[PDB]
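Presented as structure tokens, the chain that follows is alone, the form solved without the named molecule.
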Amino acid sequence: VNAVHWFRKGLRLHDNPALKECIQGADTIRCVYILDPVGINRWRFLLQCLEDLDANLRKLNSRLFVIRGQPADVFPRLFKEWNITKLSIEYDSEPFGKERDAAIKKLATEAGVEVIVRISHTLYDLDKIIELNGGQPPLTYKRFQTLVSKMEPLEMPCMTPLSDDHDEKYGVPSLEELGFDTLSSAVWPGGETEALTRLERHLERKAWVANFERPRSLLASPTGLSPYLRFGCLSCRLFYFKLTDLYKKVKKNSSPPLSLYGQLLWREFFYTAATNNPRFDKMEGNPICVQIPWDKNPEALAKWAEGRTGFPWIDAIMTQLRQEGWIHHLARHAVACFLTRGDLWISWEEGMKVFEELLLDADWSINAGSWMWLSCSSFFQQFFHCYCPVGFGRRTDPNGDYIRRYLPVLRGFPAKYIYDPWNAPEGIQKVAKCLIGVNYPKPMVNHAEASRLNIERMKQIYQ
């Protein structure tokens, strides 16, 4: 009779099995999102997801109920005031997620509410993947792959009562209503509609690699999907199913290579590896994490996080990240190294926390997992091997256009110092209108020296 679907992740109406199941047999249905009362970019992306769902719901004679407050306190009030008997959610594997939900399920049964749970934030049941592997998370992407290639296939991806809503809670809140601010548009608009738009574009574009050859960045693509996958605006099975069909249609081969799926499988690998380990995002007490004597250096952390390291490659990556909420993985790998095992010898937990506040596609699991691997703290498997924060940028973008773009103060520098401007003669700096040490900081560390010492440090811990 009375049903509620609770959005957390999975902010879509496509491939929503828990929602599809919840509407089955219900006389009424309310879609609900609960706001607890982390930078403006994630927050804005969130609000646009919510606003986006509401718009689609309105299209459907329904509308989104954004409830303000806490789940454990909101739900008994709802169950009673709305005479709910069914409540459904997407499955959340994240260790803290499981807990909250296991608790809302105890409450649910207290009010004799039925609780529909359905997996769809991942391609697989991770519990099952663990079972094969001996009741043990694969700690290697290879074994993990070896294991999913041997995994069963796939099954492709009533009214609502409103009143006077758009303010009695239930309306989507605004940046201002949260304590911000203002921003300046948004390189990554949030929501399902945006996400189904970019999937179309993305598929069209990947279609022009293997049956269209000819040549056409480090910049946000207008076909990029990572943030949409993190919030569930885009279903990962939809993505998958359409990826397969593209491969089979352009490559004429109905048995694609797992590497077509890397973006997806890496995601899954970390969800699997984290779901049973609540200390996954810490070093101490994290059973899979090597214990490393990282330093406490707030001031070094600060320069790193605020992109004032004096290494433009590093600083450009960090300001692109702070401004927009996304950065290419190669840049993730550069700034991660520089902060941890490469240069600064600061804990990966510290970089994890920064990324959580600024990175749009950061899940608890993915974020922790990456920082652990990137800093060589787990997931051993292929030594990532730190590339130079001068040479590695120089290798990628010889003219330093990416640098001029995100660090305009340096716009006036020649491509032969744009990566290492402290090596510009005084006359050049003057002509560039940027005195190194005055208008842009000097390098916070000697790179050669720092990685030298840092490689030492690391092998003392493996004698």
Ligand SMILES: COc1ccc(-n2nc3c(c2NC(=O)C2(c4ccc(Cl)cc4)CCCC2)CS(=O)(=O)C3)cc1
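What we label the rigid core is the largest C-alpha set whose atoms superpose within 1.5 Å from one form to the other. The numbering used is simple: start at 1 and walk along the sequence shown.
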Point to revise | Coordinates lacking for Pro421, a third or more of other entries | key: no
Is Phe338 a gap in at least one third of the other compared entries?
no
Between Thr182 and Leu183, the number of deposited residues left without coordinates comes to 1 to 3
For the neighbouring pair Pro157 and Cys158, the stretch of deposited sequence with no coordinates amounts to 10 or more
Stretch with higher mean Cα temperature factor, 141-149 vs 222-230, is 141-149
When mean C-alpha B-factors in the record are compared for 126-134 and 112-120, the larger belongs to 126-134
Reading the B-factor column for Cα atoms of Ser163, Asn297, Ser365, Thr340, the highest value belongs to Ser163
Per the deposited entry, the peak Cα B-factor within the set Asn41, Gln70, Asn423, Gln48 goes to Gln70
Temperature factor at the Cα of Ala26, chain-ranked in thirds, falls in the highest
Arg322: CA B-factor among chain residues, third -> lowest
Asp36: C-alpha B-factor third of its chain, per the entry, is the highest
The third of the chain into which the C-alpha temperature factor of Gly97 falls is the lowest
Assert third(CA B-factor, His329) within chain per record equals middle
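Just so you know, the form solved in complex with the named molecule exists too; it's not on screen, but the next bit is about it.
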Interface check vs the named molecule in the deposited bound form: of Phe311, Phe338, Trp371, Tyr228, the one with a heavy atom inside 4.5 Å is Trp371
Partner-free chain; cross-checking the named molecule in the deposited bound form, the single residue of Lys248, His329, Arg201, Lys353 with a heavy atom within 4.5 Å is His329
- Is there a non-hydrogen atom of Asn276 within 4.5 angstroms of a non-hydrogen atom of the named molecule in the deposited bound form? no
(message) Is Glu194 near the named molecule? Define near as a heavy atom within 4.5 Å, in the deposited bound form.
(response) no
With the cut-off set at 4.5 Å between non-hydrogen atoms, does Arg237 touch the named molecule in the deposited bound form? no
Quiz prompt | Contact label in the deposited bound form: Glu349 to the named molecule, heavy atom within 4.5 Å | solution = no
Only one of 281-289, 104-112, 372-380, 125-133 sits within 4.5 Å of the named molecule in the deposited bound form by heavy atom distance, namely 372-380
Across 350-366, the residues having a non-hydrogen atom within 4.5 Å of the named molecule in the deposited bound form turn out to be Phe355, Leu359, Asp361, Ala362, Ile366
Listed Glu299, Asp167, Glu200, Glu131; moving between this form and the one not shown by 2 Å or more at the CA after core fit is just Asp167
Worksheet item: Using the core for the fit, does the CA position of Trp266 change by 2 Å or more between this form and the one not shown?
Response: no
Establish whether a shift of 2 Å or more occurs at the C-alpha of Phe384 between this form and the one not shown, with the two forms superposed on the rigid core. yes
